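Structure file target.csv (CSV, C-alpha atoms) follows.
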chain,number,residue,atom,x,y,z
A,1,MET,CA,-124.5,22.4,-102.8
A,2,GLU,CA,-123.3,18.7,-102.6
A,3,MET,CA,-125.2,15.5,-102.0
A,4,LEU,CA,-123.9,13.4,-99.1
A,5,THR,CA,-125.4,10.0,-99.8
A,6,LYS,CA,-126.3,8.1,-96.6
A,7,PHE,CA,-128.2,5.1,-97.9
A,8,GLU,CA,-129.1,3.6,-101.3
A,9,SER,CA,-131.4,0.7,-102.2
A,10,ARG,CA,-131.1,-0.9,-105.6
A,11,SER,CA,-134.4,-2.3,-106.8
A,12,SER,CA,-137.0,-2.1,-109.5
A,13,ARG,CA,-138.7,1.2,-109.9
A,14,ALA,CA,-139.6,3.0,-106.7
A,15,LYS,CA,-142.7,5.2,-106.6
A,16,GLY,CA,-143.0,6.6,-103.0
A,17,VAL,CA,-140.9,7.0,-99.9
A,18,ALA,CA,-141.8,8.1,-96.4
A,19,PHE,CA,-139.6,9.1,-93.4
A,20,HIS,CA,-140.6,7.9,-90.0
A,21,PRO,CA,-140.7,11.1,-87.9
A,22,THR,CA,-138.7,9.7,-84.9
A,23,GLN,CA,-137.1,6.4,-86.0
A,24,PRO,CA,-134.3,6.1,-88.6
A,25,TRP,CA,-136.6,4.3,-91.0
A,26,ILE,CA,-138.0,4.8,-94.5
A,27,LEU,CA,-140.9,3.0,-96.1
A,28,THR,CA,-140.5,2.6,-99.9
A,29,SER,CA,-143.4,1.6,-102.1
A,30,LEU,CA,-142.4,-0.1,-105.4
A,31,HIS,CA,-143.7,-0.4,-108.9
A,32,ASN,CA,-143.9,-4.1,-108.3
A,33,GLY,CA,-146.5,-3.8,-105.5
A,34,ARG,CA,-144.3,-4.4,-102.5
A,35,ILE,CA,-143.5,-2.1,-99.6
A,36,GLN,CA,-140.0,-2.2,-98.0
A,37,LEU,CA,-139.1,-0.9,-94.5
A,38,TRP,CA,-135.5,0.1,-94.3
A,39,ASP,CA,-133.2,1.4,-91.5
A,40,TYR,CA,-131.0,3.9,-93.3
A,41,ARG,CA,-128.5,4.2,-90.4
A,42,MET,CA,-127.6,0.5,-90.5
A,43,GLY,CA,-128.5,-0.2,-94.1
A,44,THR,CA,-130.8,-3.1,-93.1
A,45,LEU,CA,-134.1,-4.3,-94.5
A,46,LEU,CA,-136.4,-4.5,-91.5
A,47,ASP,CA,-139.6,-5.8,-93.1
A,48,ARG,CA,-141.5,-6.3,-96.3
A,49,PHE,CA,-145.3,-5.8,-96.8
A,50,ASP,CA,-147.2,-7.4,-99.7
A,51,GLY,CA,-150.8,-6.3,-99.8
A,52,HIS,CA,-151.2,-4.7,-103.2
A,53,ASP,CA,-151.5,-5.8,-106.9
A,54,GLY,CA,-149.6,-3.4,-109.2
A,55,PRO,CA,-147.7,-0.3,-108.3
A,56,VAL,CA,-148.0,1.4,-104.9
A,57,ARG,CA,-147.7,5.2,-105.2
A,58,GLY,CA,-149.1,6.3,-101.8
A,59,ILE,CA,-147.1,5.6,-98.6
A,60,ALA,CA,-146.9,7.4,-95.2
A,61,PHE,CA,-146.4,6.9,-91.5
A,62,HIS,CA,-148.7,8.1,-88.9
A,63,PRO,CA,-146.9,10.8,-86.9
A,64,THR,CA,-147.4,9.2,-83.5
A,65,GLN,CA,-149.3,5.9,-83.9
A,66,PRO,CA,-147.6,2.6,-84.9
A,67,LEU,CA,-149.3,2.7,-88.2
A,68,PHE,CA,-148.7,3.5,-91.9
A,69,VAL,CA,-151.0,3.8,-94.8
A,70,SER,CA,-150.4,2.7,-98.5
A,71,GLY,CA,-152.3,3.4,-101.7
A,72,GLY,CA,-152.3,1.4,-104.8
A,73,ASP,CA,-153.0,1.1,-108.5
A,74,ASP,CA,-155.4,-1.6,-107.3
A,75,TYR,CA,-157.6,1.3,-105.9
A,76,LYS,CA,-157.1,0.2,-102.3
A,77,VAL,CA,-156.1,2.3,-99.3
A,78,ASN,CA,-154.5,-0.1,-96.8
A,79,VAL,CA,-153.9,0.6,-93.1
A,80,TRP,CA,-151.1,-1.4,-91.5
A,81,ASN,CA,-149.6,-1.7,-88.0
A,82,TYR,CA,-145.8,-1.9,-88.2
A,83,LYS,CA,-145.3,-3.2,-84.7
A,84,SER,CA,-147.7,-6.1,-85.1
A,85,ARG,CA,-146.7,-6.3,-88.8
A,86,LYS,CA,-150.3,-6.7,-89.8
A,87,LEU,CA,-152.6,-5.4,-92.5
A,88,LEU,CA,-155.4,-4.1,-90.3
A,89,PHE,CA,-158.0,-3.2,-92.9
A,90,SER,CA,-158.5,-1.9,-96.5
A,91,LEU,CA,-160.4,1.3,-97.2
A,92,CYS,CA,-162.3,0.7,-100.4
A,93,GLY,CA,-164.1,3.3,-102.4
A,94,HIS,CA,-161.9,4.8,-105.0
A,95,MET,CA,-162.6,3.6,-108.6
A,96,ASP,CA,-159.1,4.2,-110.1
A,97,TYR,CA,-155.5,4.4,-109.1
A,98,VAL,CA,-154.7,5.9,-105.7
A,99,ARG,CA,-152.0,8.6,-106.2
A,100,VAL,CA,-151.3,9.8,-102.6
A,101,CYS,CA,-152.4,8.9,-99.1
A,102,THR,CA,-151.5,10.6,-95.8
A,103,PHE,CA,-152.5,10.9,-92.2
A,104,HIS,CA,-153.8,14.0,-90.5
A,105,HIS,CA,-151.5,15.3,-87.7
A,106,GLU,CA,-154.3,15.7,-85.1
A,107,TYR,CA,-157.7,14.3,-86.3
A,108,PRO,CA,-158.1,10.6,-86.8
A,109,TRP,CA,-158.2,11.1,-90.6
A,110,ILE,CA,-156.5,9.6,-93.7
A,111,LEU,CA,-156.5,11.6,-96.9
A,112,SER,CA,-156.4,9.9,-100.3
A,113,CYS,CA,-156.7,11.1,-103.9
A,114,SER,CA,-157.2,9.2,-107.1
A,115,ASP,CA,-157.4,9.0,-110.9
A,116,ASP,CA,-161.2,8.7,-110.3
A,117,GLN,CA,-161.1,12.6,-110.0
A,118,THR,CA,-161.9,12.6,-106.2
A,119,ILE,CA,-160.2,13.2,-102.9
A,120,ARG,CA,-161.5,11.1,-100.1
A,121,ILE,CA,-161.2,11.7,-96.3
A,122,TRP,CA,-161.5,8.7,-94.1
A,123,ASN,CA,-161.8,8.2,-90.4
A,124,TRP,CA,-159.3,5.4,-89.5
A,125,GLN,CA,-161.0,4.8,-86.1
A,126,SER,CA,-164.5,4.2,-87.7
A,127,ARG,CA,-163.1,2.9,-91.0
A,128,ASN,CA,-165.7,5.0,-92.8
A,129,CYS,CA,-165.3,7.5,-95.6
A,130,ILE,CA,-166.3,10.8,-94.1
A,131,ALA,CA,-166.0,13.1,-97.1
A,132,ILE,CA,-165.7,12.9,-100.9
A,133,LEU,CA,-164.3,16.0,-102.5
A,134,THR,CA,-165.4,16.4,-106.1
A,135,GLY,CA,-164.9,19.1,-108.7
A,136,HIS,CA,-161.7,18.2,-110.4
A,137,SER,CA,-162.3,17.1,-114.0
A,138,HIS,CA,-159.2,14.8,-114.5
A,139,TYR,CA,-156.9,12.6,-112.3
A,140,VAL,CA,-156.2,14.1,-108.9
A,141,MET,CA,-152.4,13.6,-108.7
A,142,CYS,CA,-151.7,14.9,-105.2
A,143,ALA,CA,-153.4,16.2,-102.1
A,144,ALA,CA,-152.1,17.3,-98.7
A,145,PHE,CA,-153.4,18.5,-95.4
A,146,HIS,CA,-152.3,22.0,-94.2
A,147,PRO,CA,-150.1,21.7,-91.1
A,148,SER,CA,-152.1,24.3,-89.0
A,149,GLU,CA,-155.3,25.3,-90.7
A,150,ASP,CA,-158.4,23.3,-91.8
A,151,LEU,CA,-157.3,23.3,-95.5
A,152,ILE,CA,-156.4,20.8,-98.1
A,153,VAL,CA,-154.4,21.5,-101.3
A,154,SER,CA,-154.9,19.3,-104.4
A,155,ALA,CA,-153.3,19.1,-107.8
A,156,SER,CA,-154.9,17.6,-110.9
A,157,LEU,CA,-154.3,16.9,-114.6
A,158,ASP,CA,-157.2,19.3,-115.2
A,159,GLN,CA,-154.4,21.9,-114.9
A,160,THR,CA,-155.7,23.4,-111.6
A,161,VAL,CA,-154.5,23.5,-108.0
A,162,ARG,CA,-157.4,23.5,-105.5
A,163,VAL,CA,-157.5,24.8,-101.9
A,164,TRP,CA,-160.4,23.3,-100.0
A,165,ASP,CA,-161.9,24.6,-96.7
A,166,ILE,CA,-162.7,21.6,-94.5
A,167,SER,CA,-163.6,23.5,-91.4
A,168,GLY,CA,-167.2,22.2,-91.7
A,169,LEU,CA,-165.9,18.6,-91.4
A,170,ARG,CA,-163.7,19.6,-88.5
A,171,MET,CA,-166.6,20.9,-86.5
A,172,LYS,CA,-168.9,17.9,-87.1
A,173,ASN,CA,-166.2,15.6,-85.8
A,174,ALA,CA,-162.5,15.2,-85.3
A,200,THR,CA,-170.7,22.2,-96.6
A,201,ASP,CA,-168.2,19.8,-95.0
A,202,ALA,CA,-165.6,20.7,-97.7
A,203,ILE,CA,-166.0,23.9,-99.8
A,204,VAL,CA,-163.6,24.9,-102.6
A,205,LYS,CA,-161.9,28.1,-101.5
A,206,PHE,CA,-159.3,28.8,-104.3
A,207,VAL,CA,-159.0,27.3,-107.7
A,208,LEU,CA,-155.5,28.3,-108.6
A,209,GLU,CA,-154.9,28.9,-112.3
A,210,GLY,CA,-151.5,29.3,-113.7
A,211,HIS,CA,-150.3,26.0,-115.0
A,212,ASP,CA,-150.7,25.4,-118.8
A,213,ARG,CA,-150.7,21.6,-118.5
A,214,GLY,CA,-151.6,19.0,-115.9
A,215,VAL,CA,-150.4,19.4,-112.3
A,216,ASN,CA,-148.6,16.4,-110.7
A,217,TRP,CA,-147.7,17.7,-107.2
A,218,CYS,CA,-148.6,20.3,-104.6
A,219,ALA,CA,-147.0,21.0,-101.2
A,220,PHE,CA,-147.5,23.3,-98.2
A,221,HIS,CA,-144.6,24.9,-96.3
A,222,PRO,CA,-144.5,23.6,-92.7
A,223,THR,CA,-144.5,27.1,-91.1
A,224,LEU,CA,-145.0,29.8,-93.8
A,225,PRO,CA,-148.2,30.4,-95.7
A,226,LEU,CA,-146.8,29.1,-99.0
A,227,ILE,CA,-147.8,26.5,-101.6
A,228,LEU,CA,-145.6,24.8,-104.2
A,229,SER,CA,-147.1,23.2,-107.3
A,230,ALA,CA,-145.4,21.4,-110.2
A,231,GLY,CA,-146.4,19.5,-113.3
A,232,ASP,CA,-146.2,18.6,-117.0
A,233,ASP,CA,-145.5,22.2,-118.0
A,234,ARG,CA,-142.0,21.6,-116.4
A,235,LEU,CA,-142.7,24.4,-114.0
A,236,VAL,CA,-142.6,24.7,-110.2
A,237,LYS,CA,-144.9,27.5,-109.1
A,238,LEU,CA,-144.7,29.3,-105.8
A,239,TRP,CA,-147.9,30.7,-104.2
A,240,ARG,CA,-148.6,32.7,-101.1
A,241,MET,CA,-151.9,33.1,-99.2
A,242,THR,CA,-153.8,34.7,-96.4
A,243,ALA,CA,-157.2,33.6,-95.1
A,244,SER,CA,-158.8,35.8,-97.7
A,245,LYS,CA,-156.7,35.6,-100.9
A,246,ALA,CA,-153.8,34.0,-102.7
A,247,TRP,CA,-151.3,35.1,-105.2
A,248,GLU,CA,-148.8,33.6,-107.6
A,249,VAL,CA,-145.3,34.7,-106.4
A,250,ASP,CA,-142.9,33.3,-109.1
A,251,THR,CA,-141.9,30.3,-111.1
A,252,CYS,CA,-138.9,28.0,-111.0
A,253,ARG,CA,-138.0,27.4,-114.7
A,254,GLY,CA,-135.5,25.0,-116.2
A,255,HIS,CA,-136.6,21.4,-115.9
A,256,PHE,CA,-136.8,19.9,-119.4
A,257,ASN,CA,-139.3,17.2,-118.8
A,258,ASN,CA,-142.3,16.6,-116.5
A,259,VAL,CA,-141.8,17.6,-112.8
A,260,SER,CA,-142.9,14.6,-110.6
A,261,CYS,CA,-142.5,16.2,-107.2
A,262,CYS,CA,-141.5,19.3,-105.3
A,263,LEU,CA,-141.1,20.4,-101.7
A,264,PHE,CA,-140.0,23.1,-99.3
A,265,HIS,CA,-136.8,22.7,-97.3
A,266,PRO,CA,-138.3,23.1,-93.7
A,267,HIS,CA,-135.4,25.0,-92.3
A,268,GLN,CA,-133.5,26.6,-95.2
A,269,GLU,CA,-134.7,29.1,-97.8
A,270,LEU,CA,-134.6,26.4,-100.5
A,271,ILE,CA,-137.1,24.6,-102.8
A,272,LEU,CA,-136.4,21.2,-104.2
A,273,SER,CA,-137.9,19.5,-107.3
A,274,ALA,CA,-137.5,16.2,-109.0
A,275,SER,CA,-138.2,15.4,-112.6
A,276,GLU,CA,-138.4,12.8,-115.5
A,277,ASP,CA,-135.5,14.8,-117.0
A,278,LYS,CA,-133.4,12.8,-114.5
A,279,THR,CA,-132.6,15.7,-112.2
A,280,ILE,CA,-133.2,16.9,-108.7
A,281,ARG,CA,-133.0,20.7,-108.7
A,282,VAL,CA,-132.4,23.0,-105.7
A,283,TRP,CA,-133.8,26.5,-106.0
A,284,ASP,CA,-133.5,29.7,-104.0
A,285,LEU,CA,-136.8,30.3,-102.1
A,286,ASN,CA,-136.4,34.1,-102.3
A,287,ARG,CA,-135.2,34.5,-105.9
A,288,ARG,CA,-136.3,31.2,-107.5
A,289,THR,CA,-132.9,31.0,-109.2
A,290,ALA,CA,-131.1,27.7,-109.6
A,291,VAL,CA,-128.8,26.8,-106.7
A,292,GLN,CA,-127.7,23.2,-107.7
A,293,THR,CA,-128.7,20.4,-110.0
A,294,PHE,CA,-128.1,16.7,-109.3
A,295,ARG,CA,-128.4,14.3,-112.3
A,296,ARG,CA,-128.6,10.5,-112.8
A,297,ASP,CA,-127.5,9.2,-116.2
A,298,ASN,CA,-130.2,6.5,-116.5
A,299,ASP,CA,-133.0,7.1,-113.9
A,300,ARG,CA,-136.0,9.3,-114.0
A,301,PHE,CA,-137.1,10.7,-110.6
A,302,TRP,CA,-140.7,10.0,-109.4
A,303,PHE,CA,-140.7,11.3,-105.9
A,304,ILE,CA,-138.8,13.3,-103.3
A,305,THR,CA,-139.4,13.8,-99.6
A,306,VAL,CA,-137.7,15.6,-96.7
A,307,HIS,CA,-137.5,14.6,-93.0
A,308,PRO,CA,-139.6,17.0,-90.9
A,309,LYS,CA,-136.7,17.7,-88.4
A,310,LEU,CA,-133.4,16.5,-89.9
A,311,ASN,CA,-131.3,17.7,-92.9
A,312,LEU,CA,-132.3,14.4,-94.6
A,313,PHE,CA,-133.9,13.8,-98.0
A,314,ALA,CA,-135.1,10.8,-99.9
A,315,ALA,CA,-135.7,10.3,-103.7
A,316,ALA,CA,-137.4,7.4,-105.6
A,317,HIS,CA,-136.2,6.7,-109.1
A,318,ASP,CA,-136.2,4.1,-111.8
A,319,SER,CA,-133.5,2.0,-110.0
A,320,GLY,CA,-134.5,2.4,-106.3
A,321,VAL,CA,-134.2,4.9,-103.5
A,322,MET,CA,-131.5,7.2,-102.2
A,323,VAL,CA,-131.3,9.0,-98.8
A,324,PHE,CA,-129.0,11.9,-98.7
A,325,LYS,CA,-127.9,15.0,-96.8
A,326,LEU,CA,-127.5,18.4,-98.5
A,327,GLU,CA,-124.3,20.3,-97.8
A,328,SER,CA,-122.9,23.6,-99.2
A,329,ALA,CA,-120.3,22.9,-101.8
A,330,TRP,CA,-116.7,22.6,-100.5
A,331,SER,CA,-117.8,22.5,-96.8
A,332,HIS,CA,-116.2,19.1,-96.0

Would you mind writing the file out in structure tokens?
Amino acid sequence: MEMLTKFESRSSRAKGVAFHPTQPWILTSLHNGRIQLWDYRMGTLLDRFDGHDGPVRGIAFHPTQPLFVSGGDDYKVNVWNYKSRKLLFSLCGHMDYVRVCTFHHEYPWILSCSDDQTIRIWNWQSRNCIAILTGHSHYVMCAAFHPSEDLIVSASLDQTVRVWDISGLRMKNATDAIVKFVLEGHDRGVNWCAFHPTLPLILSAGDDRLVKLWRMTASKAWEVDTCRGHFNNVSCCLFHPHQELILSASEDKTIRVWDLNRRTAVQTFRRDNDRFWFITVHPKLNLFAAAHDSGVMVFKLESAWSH
């Protein structure tokens, strides 16, 4: 496959990137504490948001509301309105770095996870923490809401991937969270976990340099296969929403594309000098973004020799 670069931002180290679901924007959250809002069609910096001290790893738009959420090494989960360009409030409660923060697609919830070994669920309408998910015994590096079921997946340096049943919390308001699966397969800490948008699949990746693929039903899960080949920590991994492809990004300075059905290597992209910290895909368009030591890139994936 070939990478068609649409936009590149040169900066100090970038940690997170989020696509707006309908506008041609990305948010980038930087190691230096600042958040940039870029139009990647025009190549223009639309706005800058400074509300954190130290690196900002979590960053996400709300799917429909004019809001985004950011999560920092200062332990704060910040909620912003990008049309008024205001910091609306901070959600405080975590006692160590916030690694990820996202919005739920239907309920008025924000999910965050932290080096304090907890996942928190907050109601952004009430500004209250509505659930603290405990049980991991080391940093929680990633957490994600399932797109259709009342489930959360989380990944921790305790070498486990957890699937949590939050139907109890759903019923009480749009036993609250029960651990459903404790997935055991990784031999070292796990840095990332991801759901597939329409298939019952999970991806996990971590310091063992492995990307593991899992499948599940309501009643059970199974390890399907492993993508092997990265030669340093894997920072991030994701499913291509519309093609039978897996993507991963690593401190070995590569982004790797893998066959979903065979888990064989399809294509590797390298940078001579830059470790990769994060990758994301647009929910609808053939559009990817990657954060690395020198900034952010937005690219299209094409089959080799197709243009």

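Pairwise distance (atom CA of residue A:154, atom CA of residue A:240) equals 15.2 Å.
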
Worksheet item: Using all atoms listed in the file, what residues lie at most 12 Å away from (-158.3, 24.5, -103.8) (file coordinates), given as an MDAnalysis selection string?
Response: chainID A and resid 119 133:136 140 142:146 151:156 160:166 202:209 218 227 229 241 245:246

Discussion item. What's the separation between atom CA of residue A:167 and atom CA of residue A:150, in Å to one decimal place?
Written reply: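 Between atom CA of residue A:167 and atom CA of residue A:150 the gap works out to 5.2 Å.
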
Worksheet item: Which distance in Å separates atom CA of residue A:86 and atom CA of residue A:62, to one decimal?
Response: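 Between atom CA of residue A:86 and atom CA of residue A:62 the gap is 14.9 Å.
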
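Of the listed residues A:107, A:97, A:49, A:324, the one whose atoms come nearest to residue A:81 is A:49, with distances taken using only C-alpha atoms.
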
Within 12 Å of stretch 261-285 of chain A, which residues of stretch 145-248 of chain A come that close, and what is the closest atom pair and distance in Å for each? Count only C-alpha atoms and give it as CSV.
residue,atom,partner,partner_atom,distance
A:155,CA,A:261,CA,11.2
A:215,CA,A:261,CA,9.9
A:216,CA,A:261,CA,7.0
A:217,CA,A:261,CA,5.4
A:218,CA,A:262,CA,7.2
A:219,CA,A:263,CA,6.0
A:220,CA,A:264,CA,7.6
A:221,CA,A:264,CA,5.8
A:222,CA,A:266,CA,6.3
A:223,CA,A:266,CA,7.8
A:224,CA,A:266,CA,9.5
A:225,CA,A:264,CA,11.6
A:226,CA,A:264,CA,9.1
A:227,CA,A:264,CA,8.8
A:228,CA,A:263,CA,6.8
A:229,CA,A:262,CA,7.1
A:230,CA,A:262,CA,6.6
A:231,CA,A:261,CA,8.0
A:232,CA,A:275,CA,9.7
A:233,CA,A:275,CA,11.3
A:234,CA,A:275,CA,8.2
A:235,CA,A:273,CA,9.6
A:236,CA,A:262,CA,7.4
A:237,CA,A:262,CA,9.7
A:238,CA,A:285,CA,8.8
A:239,CA,A:285,CA,11.3

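Distance annotation: of A:213, A:316, A:20, A:252, the residue with the minimal separation from residue A:287 is A:252; atom set is all atoms listed in the file.
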
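Minimum atom-to-atom distances from A:307, A:317, A:300, A:41 to residue A:12 were compared using all atoms listed in the file, and the lowest value belongs to A:317.
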
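Distance check against residue A:61 using only C-alpha atoms: of A:73, A:33, A:101, A:89, the minimum falls on A:101.
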
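Between residue A:18 and the residues A:174, A:92, A:290, A:304, the shortest atom-to-atom distance, using only C-alpha atoms, involves A:304.
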
Discussion item. At a cut-off of 10 Å, using all atoms listed in the file, what residues contact residue A:320? Leave out same-chain residues fewer than 3 positions from it and give the result as a ChimeraX atom specification.
Written reply: /A:8-15,28-31,299,301,315-317

Item to complete: Tell me which of A:249, A:326, A:131, A:110 sits closest to residue A:59, counting all atoms listed in the file.
Response: A:110

Item to complete: Might you pull out every residue within 9 Å of residue A:22, with all atoms listed in the file counted and same-chain residues fewer than 3 positions away left off, and present them as a ChimeraX atom specification?
Response: /A:19,25,63-64,309

Export of prior selection with C-alpha atoms as a JSON list (two decimals), in the frame of the given file:
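Final file, again.json:
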[["chain", "number", "residue", "atom", "x", "y", "z"],
["A", 19, "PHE", "CA", -139.60, 9.10, -93.40],
["A", 25, "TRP", "CA", -136.60, 4.30, -91.00],
["A", 63, "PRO", "CA", -146.90, 10.80, -86.90],
["A", 64, "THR", "CA", -147.40, 9.20, -83.50],
["A", 309, "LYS", "CA", -136.70, 17.70, -88.40]]
